[PDB]
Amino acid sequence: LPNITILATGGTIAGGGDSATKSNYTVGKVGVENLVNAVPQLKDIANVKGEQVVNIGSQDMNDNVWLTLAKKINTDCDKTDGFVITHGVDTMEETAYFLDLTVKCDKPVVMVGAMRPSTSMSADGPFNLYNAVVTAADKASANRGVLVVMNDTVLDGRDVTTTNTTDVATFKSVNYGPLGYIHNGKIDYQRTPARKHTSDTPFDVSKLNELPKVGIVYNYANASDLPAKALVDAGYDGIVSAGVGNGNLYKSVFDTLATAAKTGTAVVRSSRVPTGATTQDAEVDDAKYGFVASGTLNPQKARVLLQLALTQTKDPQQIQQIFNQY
């Protein structure tokens, strides 16, 4: 049986409330050992070893946890046959993509969470964790990049997103679909991400102490330019626009971002719209402003790629190419 390492970071999977029945809960007070022991059947599928890396709600996820995780997986790759990472729902799609772009271990790296706390009736965490271990133990899971496993489904860390605030079935790859479905501890893989990941990216965080500063600004009717100005005034290295429609910007926000780009701020147009690509050759002449189009990357995922692009270049043309390859 394979050796699988659980790197725990907190999340609702490690959350608890005083009633099985009421919706209230807190995260940060349930250790990895407790999660493992709630899933006795993991003995049938792997030699599990748990480590508590941090214990936080993923609403508080940050750069330094990202760097710690990537360096730890790259470092320990040779000590184990696979990794499972327990994590909150809220920012799972961001951490999964960061790791997709920075892990050099091509052994399976699987993230898992739960929508219901560990204390609740019909808690989803136990079976999700089981299925994440299944996935991490499956030799066929290697070289697919970093994965999220939730609700009996294996998802690639680039396209995966949380689609509903409360539903146990929330995680979906909303543009290109899942990689495989898990039934009875077996996976029929029918897909693999073509975008370059892991050891095929140039991004190397092994010596990085920090990541370039990238912020996100939202567009809507009568949108204030104040948030965009505040990132510019603080000297942000990059800004991602959560645009309206096909990545469009309220006029105010456009002006501030156009001026920013001319001073060397990287500006990436994404979209608040939950599916579909932010394309070139629509209403914004990106070449003219030095903007980059995000493709199918949503604002939070565009931030991830932008920060990593900014560790290699500040040239908008080269940042567009990165957005076309990763």
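When you see a residue number, it is the position in the sequence shown, counting from 1.
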- prompt: Of the two stretches 296 to 304 and 259 to 267, which shows the higher Cα B-factor on average in the entry?
  reply: 259 to 267
statement: Of 274 to 282 and 39 to 47, the stretch with the higher mean C-alpha B-factor in the deposited entry is 39 to 47
message: Checking the record values for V84, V205, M92, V240, which has the greatest CA B factor?
response: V205
task: Check where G88 lands among this chain's C-alpha B-factors and tell me if it's the lowest, middle or highest third.
output: lowest
field: Chain-relative CA temperature factor third for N62
entry: middle
- prompt: Would the CA B-factor of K107 place it in the lowest, middle or highest third of its chain?
  reply: highest
- request: Quick one: classify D138 as lowest, middle or highest third of the chain based on its Cα B-factor.
  value: middle
query: What third of its chain's C-alpha B-factors does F254 belong to: lowest, middle or highest?
result: highest
